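For reference, the structure is listed below as structure tokens.
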Amino acid sequence: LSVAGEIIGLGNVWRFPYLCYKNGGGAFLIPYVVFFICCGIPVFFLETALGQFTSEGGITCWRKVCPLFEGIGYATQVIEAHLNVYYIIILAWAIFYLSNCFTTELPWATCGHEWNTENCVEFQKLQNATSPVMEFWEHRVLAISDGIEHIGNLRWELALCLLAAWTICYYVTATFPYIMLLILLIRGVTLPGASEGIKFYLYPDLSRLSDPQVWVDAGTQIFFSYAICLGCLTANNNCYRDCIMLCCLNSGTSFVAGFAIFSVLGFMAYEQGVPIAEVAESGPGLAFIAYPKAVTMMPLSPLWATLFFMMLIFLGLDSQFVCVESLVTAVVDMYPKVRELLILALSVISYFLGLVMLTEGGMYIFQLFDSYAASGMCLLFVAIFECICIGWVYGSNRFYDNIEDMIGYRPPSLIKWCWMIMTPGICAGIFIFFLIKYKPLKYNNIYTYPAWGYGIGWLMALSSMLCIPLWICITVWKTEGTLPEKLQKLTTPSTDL
């Protein structure tokens with residue numbers, strides 16, 4: 001087969017290099033492999049198999065079996081609702097950058113502009129060293145207003161572009177991202193003084209394993225393709241495409257993207273005479289600094305500059321479409337009568353709620369949204385329970401019989417063993433590790449949020465996670481009358497099969 005399909009997504013290009021750079025580089029890899037050998041693959045296989053067997057996606061798949069975990073279907077839905085709001089701000093900045101690439105000379109190549117301070121060394125021929133590209137990102141695209149307390153005015157230029165992003169509602173791109181990634185990687189290796197960039201990326205620092213923050217983000221980063229919309233399958237023909245097509249390439253693509261991006265960071269460190277650890281911004285705008293610089297230092301800069309942001313827009317568009325359309329079926333799941341007015345109203349509310357994180361102080365809010373909602377500990381708690389339902393309540397050996405009927409072959413025994421033992425155990429250990437030694441989140445290792453900022457983040461996490469206990473309380477409340485002897489009927493799966 002070896003069909004291209006769509007694997008690049010957006011986490012590989014943007015999310016992974018941003019997380020790897022902030023955690024020290026090589027020390028980020030050891031959690032990645034540890035949280036991959038059977039903490040990410042068997043869970044993916046489990047959700048795919050459960051979606052295939054019941055042929056239903058959403059909350060009915062977790063309603064047919066283990067009604068204790070019907071709250072997972074509700075908790076998953078809240079995750080997607082949180083994700084859809086803050087995942088469109090990425091498309092906003094890309095549109096703005098694309099609007100400045102249709103000129104003779106890009107604004108970040110040179111200095112001397114009104115959004116540029118007097119300390120702008122051209123850095124192509126040393127206190128207060130500052131590159132023009134970072135100046136363009138920090139003083140023109142979004143101006144951080146020194147703290148979450150300050151909000152300032154509303155960025156009208158980004159306001160229109162965000163509305164342009166939300167206007168789009170309801171081909172040759174099969175290998176277009178891959179070709180551009182390959183040519184960027186070819187250039188990234190080529191520049192002089194890029195050997196130090198790879199050395200920082202590969203060799204790990206073993207002293208960083210003590211910090212709980214390094215474990216939690218990578219373990220949640222590997223979960224970026226799960227617990228949202230992969231539980232709905234409509235294909236059997238599952239075979240073993242669990243990690244032949246949908247997997248084992250996402251990690252490889254992330255590794256290649258990190259190889260390509262980190263090389264350019266070495267060149268900037270070489271030019272500025274500063275260690276690589278403190279040459280760029282350790283925030284979500286990392287992909288908006290390294291890549292534009294690489295496009296700047298290569299022939300035909302505008303032509304290859306307009307294509308990169310275009311491919312980023314294309315990679316965001318399908319993901320946003322999938323999330324918005326999948327959420328609609330959850331709302332219309334009851335289907336009383338149903339005129340696409342639900343879709344029309346969902347876009348307006350989502351757009352009117354995204355303007356909060358678009359002001360001068362709205363960059364900090366995007367950090368709180370990214371670290372806690374649709375990431376952090378939210379999917380760790382859900383991953384603990386989703387393995388428990390199949391592992392113990394329903395039955396792995398009886399589920400293995402179902403997959404032997406469907407696929408035709410019995411899967412290896414190790415899969416179910418670590419399903420039961422290590423997959424929830426690793427997550428529980430990491431959760432307890434985080435709570436034992438709490439590390440408050442600091443922005444760019446510069447700014448520490450006030451107490452109410454962590455309060456808002458923890459409130460988002462609680463609103464994501466507390467669905468299951470409430471649902472089990474309600475379900476136990478709706479009892480026949482035998483309060484001690486009532487788990488029997490609940491634990492029994494649906495007999496409609």
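Following the order of the structure tokens, chains are lettered A, B, ..., residues in each are numbered from 1, and ligands are numbered from 1.
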Hey, what's within 10 Å of region 417-420 of chain A if we count only C-alpha atoms and toss same-chain stuff fewer than 5 positions away? As a ChimeraX atom specification, please?
/A:38-39,42-43,46,387-392,396,412,425
Same residues, C-alpha atoms, saved as a PDB file, in the first residue's frame:
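The result, stored in out_33.pdb:
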ATOM      1  CA  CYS A  38       2.916   0.127  24.662  1.00  0.00           C
ATOM      2  CA  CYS A  39       1.429   3.230  26.325  1.00  0.00           C
ATOM      3  CA  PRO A  42      -2.239  -0.578  22.340  1.00  0.00           C
ATOM      4  CA  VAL A  43      -4.553   2.240  23.438  1.00  0.00           C
ATOM      5  CA  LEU A  46      -8.154  -0.585  21.616  1.00  0.00           C
ATOM      6  CA  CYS A 387      -8.310   0.903  29.812  1.00  0.00           C
ATOM      7  CA  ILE A 388     -10.140  -0.242  32.956  1.00  0.00           C
ATOM      8  CA  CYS A 389     -13.481  -0.762  31.183  1.00  0.00           C
ATOM      9  CA  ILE A 390     -12.101  -3.209  28.614  1.00  0.00           C
ATOM     10  CA  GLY A 391      -9.348  -4.602  30.832  1.00  0.00           C
ATOM     11  CA  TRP A 392     -11.451  -5.701  33.805  1.00  0.00           C
ATOM     12  CA  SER A 396      -9.998  -8.664  27.644  1.00  0.00           C
ATOM     13  CA  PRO A 412      -0.056 -11.174  20.982  1.00  0.00           C
ATOM     14  CA  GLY A 425      -0.229   2.221  36.053  1.00  0.00           C
TER      15      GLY A 425
END
Within 12 Å of residue 297 (chain A), counting only C-alpha atoms, which residues show up once you throw out same-chain ones fewer than 3 positions away? Write them as a ChimeraX atom specification, please.
/A:106,108-109,123-124,133,184,187-188,190-192,264,267-268,290-294,300-302,304-305
Point out the residue among A:76, A:104, A:326, A:221 with the least atom-to-atom distance to residue 303 (chain A), counting only C-alpha atoms.
A:104
Nearest to residue 83 (chain A): which of A:379, A:228, A:164, A:126 is it, counting only C-alpha atoms?
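Of A:379, A:228, A:164, A:126, the one nearest residue 83 (chain A), counting only C-alpha atoms, is A:228.
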Between A:376, A:67, A:440, A:258, single out the one closest to residue 18 (chain A), counting only C-alpha atoms.
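With only C-alpha atoms as the atom set, the closest residue is A:258.
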Which residue of A:209, A:247, A:257, A:65 approaches residue 496 (chain A) most closely, using only C-alpha atoms:
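The answer is A:65, which sits nearest to residue 496 (chain A).
The list of residues with at least one atom within 12 Å of residue 458 (chain A), based on only C-alpha atoms and without residues fewer than 3 positions apart in the same chain, reads residues 368, 369, 371, 372, 373, 375, 376, 377, 378, 440, 441, 451, 452, 453, 454, 455, 461, 462, 463, 464, 465 and 466 of chain A.
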Would you kindly return, as number ranges by chain, each protein, DNA or RNA residue with an atom no farther than 12 Å from any atom of residue 432 (chain A), considering only C-alpha atoms and excluding same-chain residues fewer than 2 positions away?
A: 212, 215-216, 377, 380-381, 425-430, 434-438
Give the answer as one residue: which of A:147, A:24, A:9, A:469 has the shortest atom-to-atom distance to residue 449 (chain A), using only C-alpha atoms?
A:147
Members of region 234-481 of chain A assigned strand (DSSP E or B) by DSSP, as a PyMOL selection string
chain A and resi 359+442-443+447-448
For the selection just defined, write its residues with N, CA, C and O atoms to a file, as a tab-separated table (two decimals), in the first residue's frame.
chain	number	residue	atom	x	y	z
A	359	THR	N	-6.21	39.67	22.14
A	359	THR	CA	-5.84	41.03	22.49
A	359	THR	C	-4.33	41.09	22.76
A	359	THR	O	-3.59	40.15	22.48
A	442	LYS	N	5.37	28.47	34.18
A	442	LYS	CA	5.96	29.78	33.95
A	442	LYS	C	6.08	30.02	32.46
A	442	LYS	O	6.48	29.13	31.70
A	443	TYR	N	5.73	31.23	32.03
A	443	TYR	CA	5.74	31.57	30.61
A	443	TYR	C	7.16	31.91	30.17
A	443	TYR	O	7.76	32.86	30.68
A	447	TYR	N	7.89	34.69	33.12
A	447	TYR	CA	6.72	35.20	33.82
A	447	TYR	C	6.01	34.08	34.55
A	447	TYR	O	5.74	33.02	33.97
A	448	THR	N	5.70	34.31	35.83
A	448	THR	CA	4.93	33.37	36.63
A	448	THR	C	3.51	33.89	36.78
A	448	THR	O	3.30	35.04	37.17
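One finds CA of residue 315 (chain A) at 8.4 Å from CA of residue 177 (chain A).
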Identify, with DSSP run on backbone atoms, the residues in region 75-290 of chain A assigned to helix (DSSP H, G or I), and express the list as number ranges by chain.
A: 75-86, 89-100, 132-141, 156-167, 172-174, 176-190, 195-202, 206-210, 212-221, 250-272, 276-278, 286-288, 290
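Residue neighbourhood of region 402-410 of chain A, excluding near-sequence residues (fewer than 5 positions): residues 49, 53, 236, 237, 238 and 239 of chain A, at 8 Å, using only C-alpha atoms.
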One decimal, in Å: what's the spacing between CA of residue 241 (chain A) and CA of residue 44 (chain A)?
10.7 Å
